[PDB]
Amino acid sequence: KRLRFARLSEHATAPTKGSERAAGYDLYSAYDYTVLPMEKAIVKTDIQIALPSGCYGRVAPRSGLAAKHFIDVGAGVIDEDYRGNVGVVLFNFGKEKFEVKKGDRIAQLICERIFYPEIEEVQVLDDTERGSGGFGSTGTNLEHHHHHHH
């Protein structure tokens, strides 16, 4: 229902939606950072958020910075009970420095709906058709897909 935030400084910007049904609110750097090639920066938003009940806040990469500048977002799990400064962990996999300026949109926050399950240790799980299958078990192409189901 409501995403609450408070400013921790004059340098913060209220997050904004790129489009009417955008998955995420864009997050603004409060500061300048130089991210050297193959290095990381923790970008302060200088906001604290209170996420609505039944989600967490996922810090996700924008596609523009990813495709154009080889920028990625690490970490990314903002918990419903976190009241600290929301930090964006930026990864520069590019060959050139990446310059963040105060007021640049360098990530997006998604209200990812989750269950908060109680954990239950059991001795044996039920079986499934997938079973232990993983790590490319279903193959690479359309034939492999359809072979797998026979």
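All residue numbers are counted from 1 along the displayed sequence.
For the pair 89-97 and 25-33, the record assigns the higher mean C-alpha temperature factor to 89-97.
Per-stretch averaging of Cα B factors for 58-66 and 35-43 places 35-43 on top. For the set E118, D81, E112, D104, the maximum C-alpha B-factor listed in the entry falls on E118. Looking at the C-alpha B-factors along this chain, the one for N141 belongs to the lowest third. Among the modelled residues of its chain, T16 has a C-alpha B-factor that falls in the lowest third according to the deposited record.
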